[PDB]
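So the structure is just underneath, and the comments pick up after that.
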Amino acid sequence: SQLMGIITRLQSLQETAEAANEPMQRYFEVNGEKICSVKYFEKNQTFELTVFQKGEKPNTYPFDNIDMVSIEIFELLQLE
Amino acid sequence: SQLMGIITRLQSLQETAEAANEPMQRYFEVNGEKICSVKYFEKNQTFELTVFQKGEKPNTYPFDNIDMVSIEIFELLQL
């Protein structure tokens, strides 16, 4: 399912960030368009979600739980 | 599992490719030795696998499916 796929990607995202010992990020797009990007800071075990809006400065939201950031991303992609 | 790791690396290979509208590449190894290499073509939707053979030109093989190539890579590493 889509949700399964988002969680996997976020797990490998943190996994890759811990090894590189530096923040890492990726985008989630729907139909070729960037809807949001997530950055993992191993300065804890938190995710920072950035939500794009045309002509507007993007908004960021912190999350310390992978399941909760995944849900937010999912609902965000659902509204397309 | 080892296979899952190959899949997710390729998933991001493909995805970061469509983050700047340009191809992307990656190596897969066993004990520091490069076994094969992969490149993805966004404006194409294909994965190109390059397999290495000492003292010879490498063979490239196209794939339009991430699962197909992930499998091909896994079996190459298993050897």
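May I ask you to list the residues in the stretch A:18-37 that are crowded, with 18+ Cβ neighbours inside 10 Å and under 22 Å from B:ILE6 (Cβ atoms)?
First, pick out the residues of the stretch A:18-37 that are crowded, with 18+ Cβ neighbours inside 10 Å: A:24, A:26, A:28, A:36-37.
If the condition is that a residue be crowded, with 18+ Cβ neighbours inside 10 Å and under 22 Å from B:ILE6 (Cβ atoms), then A:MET24, A:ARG26, A:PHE28 are the ones that fit.
Could you give me the residue pairs with C-beta distances under 7 Å whose first residue belongs to the stretch A:51-80 and is farther than 15 Å from A:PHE28 by Cα, whose second residue is exposed (fewer than 11 other Cβ atoms within 10 Å of the Cβ) wherever it lies, and which are 6+ apart or on separate chains?
A:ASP64/A:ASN44
Of all residues in the stretch B:1-34, count the ones that are away from chain A (no Cβ under 13 Å), under 14 Å from B:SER70 (Cβ atoms) and not in a helix (DSSP H, G or I).
Qualifying residue count for the region: 1.
Every read-out reported here was derived from the displayed coordinates using simple, explicitly stated rules and does not represent laboratory data. Here Cβ is always computed from backbone atoms with ideal geometry, including for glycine, and neighbour counts include all displayed protein chains.
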